[PDB]
Amino acid sequence: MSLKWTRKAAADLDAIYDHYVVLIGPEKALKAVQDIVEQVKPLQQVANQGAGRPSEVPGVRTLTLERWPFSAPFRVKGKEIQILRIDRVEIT
Amino acid sequence: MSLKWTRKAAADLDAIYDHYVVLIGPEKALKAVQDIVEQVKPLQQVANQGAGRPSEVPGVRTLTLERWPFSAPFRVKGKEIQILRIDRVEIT
Amino acid sequence: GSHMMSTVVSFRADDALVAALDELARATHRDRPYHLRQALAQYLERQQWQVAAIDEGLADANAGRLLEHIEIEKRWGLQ
Amino acid sequence: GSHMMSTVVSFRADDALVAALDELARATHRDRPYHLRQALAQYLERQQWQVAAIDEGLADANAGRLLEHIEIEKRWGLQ
């Protein structure tokens, strides 16, 4: 199966990089974004495509990421797993 | 009485400008920051130095600003009104 | 204010959270129900912002505005 | 999990908020108390971030790191 990102999710990563560069500088901001991208990668495997928890939106699941306060809403559509956003969230 | 801003509150305004420039561009970001600064100005008058509502922190009151999702914690200290921060907040 | 009726909501909360709530009520000079209403309203507002964000992502996906994962990796220096 | 006891918190909430809460519980497949606990925990966390921010401002003020209002205005083009 193909793992794809929306235009908006790709822009989210760029916005997340800019958010962290001003707080922790470019080397650590880059590692933060790379971590997020590598956490999303296993959604390519069918065994993981039921991970996360039902989002508020129908037919969309949300993967709460480790380490960084973000969530990745996604859905299976045909032969694609679609990463819809990388959204900032509040986590307790 | 003298109205003073902390170093951190001054930096907050610069950070708020950068936050809005990427969303609404420099002309409107500048107006947003100028609005915040002009909303704080009346705290110079003693009649207004009991405005806002008690913050969580003792001896500090918090002015919830109009239009923009920020609050201005402040305190009276001797002959000074001190603007301690311009903090982002969530408002219902 | 509101012109709506209300209902009593109840839930169990660990003692540390209730103690922190009570201390906040003391410091701010507003009672427990005020802060609980603020907490619920703000929570639901945040949840609606998540819906709004997901919706913008669905709009991209349904318009075919989709990028391959490997290309994301390449832009971020991973592959 | 927690090793603490808990207490029942109750408060009156307008029907629209409770309806929005119930709809969120349906969509996410978690009950009312779960979301109410999330709402309270996240609210209190936000309130502690405000304390942390104020504290950093008090530290500046007590160290004399203070600027005149007119100078703020001048940097922002107001006077």
# chains A, B, ... in the order shown; residues from 1 in each chain; ligands from 1
$ closest_atom_pairs --of "segment 30-59 of chain C" --to "segment 30-50 of chain D" --cutoff "10 Å" --atoms "only C-alpha atoms" --output "tab-separated table"
residue	atom	partner	partner_atom	distance
C:35	CA	D:43	CA	8.6
C:36	CA	D:40	CA	6.9
C:37	CA	D:40	CA	9.5
C:38	CA	D:43	CA	8.0
C:39	CA	D:43	CA	5.2
C:40	CA	D:39	CA	5.5
C:41	CA	D:39	CA	8.6
C:42	CA	D:39	CA	7.7
C:43	CA	D:39	CA	5.2
C:44	CA	D:39	CA	8.2
C:46	CA	D:39	CA	9.8
$ write_last_selection --atoms "C-alpha atoms" --output "compact mmCIF listing (two decimals), in the first residue's frame"
# COMPACT_ATOMS: atom_id res chain seq x y z
CA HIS C 35 -13.58 26.78 36.46
CA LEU C 36 -15.18 23.46 35.53
CA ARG C 37 -17.36 25.25 32.99
CA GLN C 38 -14.29 27.04 31.62
CA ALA C 39 -12.42 23.72 31.41
CA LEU C 40 -15.23 21.98 29.54
CA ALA C 41 -15.95 24.88 27.17
CA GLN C 42 -12.25 25.27 26.32
CA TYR C 43 -11.80 21.52 25.84
CA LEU C 44 -14.72 21.35 23.42
CA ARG C 46 -10.05 22.72 21.13
$ interface_residues --of "chain B" --to "chain D" --cutoff "8 Å" --atoms "only C-alpha atoms" --output "MDAnalysis selection string"
chainID B and resid 2:10 30 33:34 37 41 56:57 73 82 84:85 87
$ calpha_fit_and_write --fixed "chain D" --moving "chain C" --output "PDB file with N, CA and C atoms, in the first residue's frame"
ATOM      1  N   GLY C   1      -1.247   3.536  35.894  1.00  0.00           N
ATOM      2  CA  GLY C   1      -2.206   4.591  36.171  1.00  0.00           C
ATOM      3  C   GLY C   1      -1.909   5.350  37.449  1.00  0.00           C
ATOM      4  N   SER C   2      -2.942   5.943  38.038  1.00  0.00           N
ATOM      5  CA  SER C   2      -2.783   6.641  39.302  1.00  0.00           C
ATOM      6  C   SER C   2      -3.032   5.686  40.463  1.00  0.00           C
ATOM      7  N   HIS C   3      -2.347   5.948  41.568  1.00  0.00           N
ATOM      8  CA  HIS C   3      -2.541   5.209  42.808  1.00  0.00           C
ATOM      9  C   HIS C   3      -3.213   6.084  43.853  1.00  0.00           C
ATOM     10  N   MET C   4      -4.075   6.980  43.392  1.00  0.00           N
ATOM     11  CA  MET C   4      -4.743   7.943  44.242  1.00  0.00           C
ATOM     12  C   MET C   4      -6.224   7.622  44.322  1.00  0.00           C
ATOM     13  N   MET C   5      -6.836   8.023  45.424  1.00  0.00           N
ATOM     14  CA  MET C   5      -8.279   7.962  45.450  1.00  0.00           C
ATOM     15  C   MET C   5      -8.846   9.155  44.686  1.00  0.00           C
ATOM     16  N   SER C   6     -10.147   9.108  44.432  1.00  0.00           N
ATOM     17  CA  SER C   6     -10.805  10.135  43.641  1.00  0.00           C
ATOM     18  C   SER C   6     -12.045  10.615  44.380  1.00  0.00           C
ATOM     19  N   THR C   7     -12.590  11.744  43.924  1.00  0.00           N
ATOM     20  CA  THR C   7     -13.837  12.269  44.461  1.00  0.00           C
ATOM     21  C   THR C   7     -14.756  12.626  43.307  1.00  0.00           C
ATOM     22  N   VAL C   8     -16.053  12.634  43.589  1.00  0.00           N
ATOM     23  CA  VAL C   8     -17.047  12.997  42.589  1.00  0.00           C
ATOM     24  C   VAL C   8     -17.148  14.509  42.553  1.00  0.00           C
ATOM     25  N   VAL C   9     -16.876  15.061  41.387  1.00  0.00           N
ATOM     26  CA  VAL C   9     -17.048  16.468  41.078  1.00  0.00           C
ATOM     27  C   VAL C   9     -18.337  16.620  40.288  1.00  0.00           C
ATOM     28  N   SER C  10     -19.141  17.608  40.656  1.00  0.00           N
ATOM     29  CA  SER C  10     -20.388  17.899  39.964  1.00  0.00           C
ATOM     30  C   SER C  10     -20.471  19.387  39.686  1.00  0.00           C
ATOM     31  N   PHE C  11     -21.045  19.731  38.533  1.00  0.00           N
ATOM     32  CA  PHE C  11     -21.274  21.130  38.211  1.00  0.00           C
ATOM     33  C   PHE C  11     -22.367  21.218  37.157  1.00  0.00           C
ATOM     34  N   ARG C  12     -23.027  22.365  37.116  1.00  0.00           N
ATOM     35  CA  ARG C  12     -24.080  22.590  36.138  1.00  0.00           C
ATOM     36  C   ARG C  12     -23.473  23.146  34.860  1.00  0.00           C
ATOM     37  N   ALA C  13     -23.884  22.587  33.724  1.00  0.00           N
ATOM     38  CA  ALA C  13     -23.374  22.996  32.425  1.00  0.00           C
ATOM     39  C   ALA C  13     -24.548  23.182  31.478  1.00  0.00           C
ATOM     40  N   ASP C  14     -24.490  24.202  30.619  1.00  0.00           N
ATOM     41  CA  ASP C  14     -25.614  24.448  29.725  1.00  0.00           C
ATOM     42  C   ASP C  14     -25.772  23.287  28.753  1.00  0.00           C
ATOM     43  N   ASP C  15     -27.005  23.093  28.285  1.00  0.00           N
ATOM     44  CA  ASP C  15     -27.330  21.885  27.538  1.00  0.00           C
ATOM     45  C   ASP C  15     -26.528  21.767  26.249  1.00  0.00           C
ATOM     46  N   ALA C  16     -26.154  22.891  25.638  1.00  0.00           N
ATOM     47  CA  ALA C  16     -25.394  22.816  24.395  1.00  0.00           C
ATOM     48  C   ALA C  16     -24.016  22.222  24.636  1.00  0.00           C
ATOM     49  N   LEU C  17     -23.365  22.627  25.730  1.00  0.00           N
ATOM     50  CA  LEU C  17     -22.058  22.071  26.055  1.00  0.00           C
ATOM     51  C   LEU C  17     -22.164  20.581  26.333  1.00  0.00           C
ATOM     52  N   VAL C  18     -23.184  20.173  27.093  1.00  0.00           N
ATOM     53  CA  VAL C  18     -23.336  18.755  27.410  1.00  0.00           C
ATOM     54  C   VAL C  18     -23.634  17.957  26.145  1.00  0.00           C
ATOM     55  N   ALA C  19     -24.430  18.532  25.242  1.00  0.00           N
ATOM     56  CA  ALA C  19     -24.717  17.874  23.973  1.00  0.00           C
ATOM     57  C   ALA C  19     -23.455  17.733  23.129  1.00  0.00           C
ATOM     58  N   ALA C  20     -22.621  18.774  23.106  1.00  0.00           N
ATOM     59  CA  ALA C  20     -21.367  18.693  22.359  1.00  0.00           C
ATOM     60  C   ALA C  20     -20.441  17.652  22.967  1.00  0.00           C
ATOM     61  N   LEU C  21     -20.378  17.610  24.301  1.00  0.00           N
ATOM     62  CA  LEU C  21     -19.626  16.575  24.996  1.00  0.00           C
ATOM     63  C   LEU C  21     -20.139  15.189  24.640  1.00  0.00           C
ATOM     64  N   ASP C  22     -21.457  15.037  24.583  1.00  0.00           N
ATOM     65  CA  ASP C  22     -22.010  13.684  24.332  1.00  0.00           C
ATOM     66  C   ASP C  22     -21.693  13.244  22.907  1.00  0.00           C
ATOM     67  N   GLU C  23     -21.736  14.189  22.003  1.00  0.00           N
ATOM     68  CA  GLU C  23     -21.466  13.896  20.589  1.00  0.00           C
ATOM     69  C   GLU C  23     -19.993  13.537  20.418  1.00  0.00           C
ATOM     70  N   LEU C  24     -19.124  14.237  21.138  1.00  0.00           N
ATOM     71  CA  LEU C  24     -17.680  13.918  21.093  1.00  0.00           C
ATOM     72  C   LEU C  24     -17.477  12.516  21.660  1.00  0.00           C
ATOM     73  N   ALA C  25     -18.158  12.172  22.749  1.00  0.00           N
ATOM     74  CA  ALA C  25     -18.033  10.835  23.364  1.00  0.00           C
ATOM     75  C   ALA C  25     -18.460   9.763  22.355  1.00  0.00           C
ATOM     76  N   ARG C  26     -19.530  10.037  21.627  1.00  0.00           N
ATOM     77  CA  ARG C  26     -20.016   9.065  20.621  1.00  0.00           C
ATOM     78  C   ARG C  26     -18.946   8.872  19.536  1.00  0.00           C
ATOM     79  N   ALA C  27     -18.488   9.951  18.922  1.00  0.00           N
ATOM     80  CA  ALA C  27     -17.505   9.916  17.808  1.00  0.00           C
ATOM     81  C   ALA C  27     -16.174   9.277  18.195  1.00  0.00           C
ATOM     82  N   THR C  28     -15.676   9.567  19.388  1.00  0.00           N
ATOM     83  CA  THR C  28     -14.390   9.039  19.826  1.00  0.00           C
ATOM     84  C   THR C  28     -14.494   7.690  20.518  1.00  0.00           C
ATOM     85  N   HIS C  29     -15.710   7.236  20.828  1.00  0.00           N
ATOM     86  CA  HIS C  29     -15.949   5.955  21.498  1.00  0.00           C
ATOM     87  C   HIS C  29     -15.366   5.913  22.907  1.00  0.00           C
ATOM     88  N   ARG C  30     -15.346   7.057  23.593  1.00  0.00           N
ATOM     89  CA  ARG C  30     -15.008   7.143  25.010  1.00  0.00           C
ATOM     90  C   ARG C  30     -16.125   7.878  25.740  1.00  0.00           C
ATOM     91  N   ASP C  31     -16.364   7.512  26.997  1.00  0.00           N
ATOM     92  CA  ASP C  31     -17.531   8.015  27.713  1.00  0.00           C
ATOM     93  C   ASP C  31     -17.318   9.450  28.211  1.00  0.00           C
ATOM     94  N   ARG C  32     -18.384  10.016  28.788  1.00  0.00           N
ATOM     95  CA  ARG C  32     -18.330  11.350  29.389  1.00  0.00           C
ATOM     96  C   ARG C  32     -17.221  11.522  30.423  1.00  0.00           C
ATOM     97  N   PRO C  33     -17.091  10.666  31.446  1.00  0.00           N
ATOM     98  CA  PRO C  33     -16.064  10.916  32.466  1.00  0.00           C
ATOM     99  C   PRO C  33     -14.661  10.990  31.906  1.00  0.00           C
ATOM    100  N   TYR C  34     -14.332  10.171  30.902  1.00  0.00           N
ATOM    101  CA  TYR C  34     -13.007  10.246  30.294  1.00  0.00           C
ATOM    102  C   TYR C  34     -12.729  11.643  29.757  1.00  0.00           C
ATOM    103  N   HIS C  35     -13.657  12.177  28.966  1.00  0.00           N
ATOM    104  CA  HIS C  35     -13.461  13.501  28.390  1.00  0.00           C
ATOM    105  C   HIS C  35     -13.487  14.586  29.454  1.00  0.00           C
ATOM    106  N   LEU C  36     -14.319  14.437  30.487  1.00  0.00           N
ATOM    107  CA  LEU C  36     -14.332  15.451  31.530  1.00  0.00           C
ATOM    108  C   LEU C  36     -13.010  15.457  32.279  1.00  0.00           C
ATOM    109  N   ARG C  37     -12.421  14.275  32.483  1.00  0.00           N
ATOM    110  CA  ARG C  37     -11.127  14.230  33.152  1.00  0.00           C
ATOM    111  C   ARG C  37     -10.050  14.852  32.269  1.00  0.00           C
ATOM    112  N   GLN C  38     -10.095  14.572  30.963  1.00  0.00           N
ATOM    113  CA  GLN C  38      -9.172  15.219  30.034  1.00  0.00           C
ATOM    114  C   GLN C  38      -9.342  16.734  30.060  1.00  0.00           C
ATOM    115  N   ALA C  39     -10.589  17.202  30.057  1.00  0.00           N
ATOM    116  CA  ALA C  39     -10.833  18.643  30.053  1.00  0.00           C
ATOM    117  C   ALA C  39     -10.286  19.309  31.310  1.00  0.00           C
ATOM    118  N   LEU C  40     -10.501  18.694  32.469  1.00  0.00           N
ATOM    119  CA  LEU C  40     -10.017  19.292  33.706  1.00  0.00           C
ATOM    120  C   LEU C  40      -8.497  19.241  33.787  1.00  0.00           C
ATOM    121  N   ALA C  41      -7.906  18.079  33.492  1.00  0.00           N
ATOM    122  CA  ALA C  41      -6.453  17.967  33.525  1.00  0.00           C
ATOM    123  C   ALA C  41      -5.799  18.982  32.592  1.00  0.00           C
ATOM    124  N   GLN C  42      -6.331  19.132  31.373  1.00  0.00           N
ATOM    125  CA  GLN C  42      -5.701  20.032  30.412  1.00  0.00           C
ATOM    126  C   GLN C  42      -5.889  21.487  30.823  1.00  0.00           C
ATOM    127  N   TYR C  43      -7.058  21.815  31.379  1.00  0.00           N
ATOM    128  CA  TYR C  43      -7.287  23.156  31.903  1.00  0.00           C
ATOM    129  C   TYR C  43      -6.274  23.493  32.988  1.00  0.00           C
ATOM    130  N   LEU C  44      -6.083  22.578  33.941  1.00  0.00           N
ATOM    131  CA  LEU C  44      -5.172  22.874  35.039  1.00  0.00           C
ATOM    132  C   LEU C  44      -3.738  22.970  34.534  1.00  0.00           C
ATOM    133  N   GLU C  45      -3.380  22.139  33.557  1.00  0.00           N
ATOM    134  CA  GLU C  45      -2.061  22.237  32.943  1.00  0.00           C
ATOM    135  C   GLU C  45      -1.853  23.606  32.305  1.00  0.00           C
ATOM    136  N   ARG C  46      -2.859  24.099  31.571  1.00  0.00           N
ATOM    137  CA  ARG C  46      -2.740  25.434  30.981  1.00  0.00           C
ATOM    138  C   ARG C  46      -2.581  26.502  32.051  1.00  0.00           C
ATOM    139  N   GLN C  47      -3.317  26.370  33.151  1.00  0.00           N
ATOM    140  CA  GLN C  47      -3.222  27.357  34.219  1.00  0.00           C
ATOM    141  C   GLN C  47      -1.847  27.350  34.866  1.00  0.00           C
ATOM    142  N   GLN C  48      -1.218  26.177  34.984  1.00  0.00           N
ATOM    143  CA  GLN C  48       0.147  26.141  35.497  1.00  0.00           C
ATOM    144  C   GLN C  48       1.143  26.731  34.506  1.00  0.00           C
ATOM    145  N   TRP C  49       0.880  26.632  33.200  1.00  0.00           N
ATOM    146  CA  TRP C  49       1.763  27.340  32.273  1.00  0.00           C
ATOM    147  C   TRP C  49       1.649  28.852  32.432  1.00  0.00           C
ATOM    148  N   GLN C  50       0.461  29.363  32.771  1.00  0.00           N
ATOM    149  CA  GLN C  50       0.328  30.795  33.016  1.00  0.00           C
ATOM    150  C   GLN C  50       1.116  31.207  34.249  1.00  0.00           C
ATOM    151  N   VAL C  51       1.048  30.400  35.306  1.00  0.00           N
ATOM    152  CA  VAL C  51       1.870  30.671  36.480  1.00  0.00           C
ATOM    153  C   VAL C  51       3.340  30.701  36.086  1.00  0.00           C
ATOM    154  N   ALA C  52       3.806  29.689  35.351  1.00  0.00           N
ATOM    155  CA  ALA C  52       5.209  29.666  34.945  1.00  0.00           C
ATOM    156  C   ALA C  52       5.591  30.935  34.182  1.00  0.00           C
ATOM    157  N   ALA C  53       4.707  31.402  33.297  1.00  0.00           N
ATOM    158  CA  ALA C  53       5.016  32.590  32.503  1.00  0.00           C
ATOM    159  C   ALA C  53       5.070  33.838  33.366  1.00  0.00           C
ATOM    160  N   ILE C  54       4.064  34.025  34.222  1.00  0.00           N
ATOM    161  CA  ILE C  54       4.074  35.148  35.156  1.00  0.00           C
ATOM    162  C   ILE C  54       5.342  35.130  35.986  1.00  0.00           C
ATOM    163  N   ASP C  55       5.711  33.959  36.479  1.00  0.00           N
ATOM    164  CA  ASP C  55       6.925  33.870  37.322  1.00  0.00           C
ATOM    165  C   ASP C  55       8.153  34.404  36.565  1.00  0.00           C
ATOM    166  N   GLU C  56       8.305  34.061  35.288  1.00  0.00           N
ATOM    167  CA  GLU C  56       9.453  34.561  34.544  1.00  0.00           C
ATOM    168  C   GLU C  56       9.392  36.080  34.430  1.00  0.00           C
ATOM    169  N   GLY C  57       8.181  36.635  34.304  1.00  0.00           N
ATOM    170  CA  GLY C  57       8.033  38.081  34.305  1.00  0.00           C
ATOM    171  C   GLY C  57       8.346  38.719  35.649  1.00  0.00           C
ATOM    172  N   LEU C  58       7.925  38.082  36.751  1.00  0.00           N
ATOM    173  CA  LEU C  58       8.296  38.596  38.068  1.00  0.00           C
ATOM    174  C   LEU C  58       9.808  38.591  38.256  1.00  0.00           C
ATOM    175  N   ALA C  59      10.483  37.551  37.767  1.00  0.00           N
ATOM    176  CA  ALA C  59      11.934  37.495  37.907  1.00  0.00           C
ATOM    177  C   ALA C  59      12.605  38.684  37.222  1.00  0.00           C
ATOM    178  N   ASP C  60      12.155  39.032  36.008  1.00  0.00           N
ATOM    179  CA  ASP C  60      12.643  40.243  35.340  1.00  0.00           C
ATOM    180  C   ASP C  60      12.376  41.482  36.183  1.00  0.00           C
ATOM    181  N   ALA C  61      11.140  41.627  36.668  1.00  0.00           N
ATOM    182  CA  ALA C  61      10.769  42.841  37.383  1.00  0.00           C
ATOM    183  C   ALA C  61      11.599  43.000  38.645  1.00  0.00           C
ATOM    184  N   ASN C  62      11.808  41.910  39.372  1.00  0.00           N
ATOM    185  CA  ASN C  62      12.589  41.985  40.597  1.00  0.00           C
ATOM    186  C   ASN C  62      14.072  42.200  40.340  1.00  0.00           C
ATOM    187  N   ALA C  63      14.574  41.831  39.169  1.00  0.00           N
ATOM    188  CA  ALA C  63      15.949  42.146  38.804  1.00  0.00           C
ATOM    189  C   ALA C  63      16.080  43.521  38.148  1.00  0.00           C
ATOM    190  N   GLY C  64      14.998  44.293  38.083  1.00  0.00           N
ATOM    191  CA  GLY C  64      15.084  45.618  37.499  1.00  0.00           C
ATOM    192  C   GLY C  64      15.119  45.644  35.988  1.00  0.00           C
ATOM    193  N   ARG C  65      14.778  44.537  35.336  1.00  0.00           N
ATOM    194  CA  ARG C  65      14.799  44.475  33.876  1.00  0.00           C
ATOM    195  C   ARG C  65      13.474  45.016  33.333  1.00  0.00           C
ATOM    196  N   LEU C  66      13.345  46.346  33.404  1.00  0.00           N
ATOM    197  CA  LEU C  66      12.103  47.055  33.136  1.00  0.00           C
ATOM    198  C   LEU C  66      12.331  48.158  32.113  1.00  0.00           C
ATOM    199  N   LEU C  67      11.380  48.308  31.194  1.00  0.00           N
ATOM    200  CA  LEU C  67      11.421  49.305  30.129  1.00  0.00           C
ATOM    201  C   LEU C  67      10.256  50.275  30.267  1.00  0.00           C
ATOM    202  N   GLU C  68      10.476  51.527  29.867  1.00  0.00           N
ATOM    203  CA  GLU C  68       9.428  52.535  29.949  1.00  0.00           C
ATOM    204  C   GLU C  68       8.377  52.307  28.869  1.00  0.00           C
ATOM    205  N   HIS C  69       7.100  52.519  29.225  1.00  0.00           N
ATOM    206  CA  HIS C  69       6.018  52.342  28.252  1.00  0.00           C
ATOM    207  C   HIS C  69       6.250  53.174  27.001  1.00  0.00           C
ATOM    208  N   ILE C  70       6.692  54.420  27.159  1.00  0.00           N
ATOM    209  CA  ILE C  70       6.869  55.249  25.967  1.00  0.00           C
ATOM    210  C   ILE C  70       7.867  54.614  25.014  1.00  0.00           C
ATOM    211  N   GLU C  71       8.847  53.882  25.543  1.00  0.00           N
ATOM    212  CA  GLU C  71       9.860  53.274  24.679  1.00  0.00           C
ATOM    213  C   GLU C  71       9.286  52.094  23.902  1.00  0.00           C
ATOM    214  N   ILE C  72       8.427  51.307  24.548  1.00  0.00           N
ATOM    215  CA  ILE C  72       7.631  50.305  23.837  1.00  0.00           C
ATOM    216  C   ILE C  72       6.849  50.956  22.699  1.00  0.00           C
ATOM    217  N   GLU C  73       6.182  52.076  22.986  1.00  0.00           N
ATOM    218  CA  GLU C  73       5.412  52.754  21.943  1.00  0.00           C
ATOM    219  C   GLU C  73       6.312  53.176  20.794  1.00  0.00           C
ATOM    220  N   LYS C  74       7.485  53.714  21.106  1.00  0.00           N
ATOM    221  CA  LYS C  74       8.353  54.204  20.043  1.00  0.00           C
ATOM    222  C   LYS C  74       8.841  53.061  19.166  1.00  0.00           C
ATOM    223  N   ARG C  75       9.192  51.923  19.770  1.00  0.00           N
ATOM    224  CA  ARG C  75       9.644  50.814  18.938  1.00  0.00           C
ATOM    225  C   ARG C  75       8.527  50.326  18.022  1.00  0.00           C
ATOM    226  N   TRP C  76       7.276  50.428  18.470  1.00  0.00           N
ATOM    227  CA  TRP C  76       6.145  49.962  17.683  1.00  0.00           C
ATOM    228  C   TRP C  76       5.510  51.072  16.862  1.00  0.00           C
ATOM    229  N   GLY C  77       6.176  52.222  16.754  1.00  0.00           N
ATOM    230  CA  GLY C  77       5.735  53.257  15.837  1.00  0.00           C
ATOM    231  C   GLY C  77       4.550  54.068  16.306  1.00  0.00           C
ATOM    232  N   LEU C  78       4.244  54.046  17.603  1.00  0.00           N
ATOM    233  CA  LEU C  78       3.042  54.693  18.118  1.00  0.00           C
ATOM    234  C   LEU C  78       3.295  56.088  18.652  1.00  0.00           C
ATOM    235  N   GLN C  79       4.451  56.320  19.243  1.00  0.00           N
ATOM    236  CA  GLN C  79       4.818  57.679  19.622  1.00  0.00           C
ATOM    237  C   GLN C  79       6.247  57.948  19.169  1.00  0.00           C
TER     238      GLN C  79
END
$ closest_atom_pairs --of "chain A" --to "chain B" --cutoff "10 Å" --atoms "only C-alpha atoms" --output "Markdown table"
| residue | atom | partner | partner_atom | distance |
| --- | --- | --- | --- | --- |
| A:15 | CA | B:22 | CA | 9.8 |
| A:19 | CA | B:19 | CA | 9.4 |
| A:22 | CA | B:15 | CA | 9.8 |
$ write_last_selection --atoms "N, CA, C and O atoms" --output "PDB file, in the first residue's frame"
ATOM      1  N   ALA A  15       5.864  24.174   8.890  1.00  0.00           N
ATOM      2  CA  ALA A  15       5.483  25.075   9.976  1.00  0.00           C
ATOM      3  C   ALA A  15       6.015  24.584  11.316  1.00  0.00           C
ATOM      4  O   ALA A  15       6.398  25.392  12.178  1.00  0.00           O
ATOM      5  N   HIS A  19       8.466  26.545  13.903  1.00  0.00           N
ATOM      6  CA  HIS A  19       8.102  26.740  15.302  1.00  0.00           C
ATOM      7  C   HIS A  19       9.253  26.345  16.218  1.00  0.00           C
ATOM      8  O   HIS A  19       9.568  27.055  17.183  1.00  0.00           O
ATOM      9  N   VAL A  22      12.985  28.510  16.285  1.00  0.00           N
ATOM     10  CA  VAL A  22      13.153  29.700  17.117  1.00  0.00           C
ATOM     11  C   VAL A  22      13.270  29.352  18.592  1.00  0.00           C
ATOM     12  O   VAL A  22      13.733  30.180  19.388  1.00  0.00           O
TER      13      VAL A  22
END
$ atom_distance --atom1 "atom CA of residue 63 of chain A" --atom2 "atom CA of residue 13 of chain A"
15.5 Å
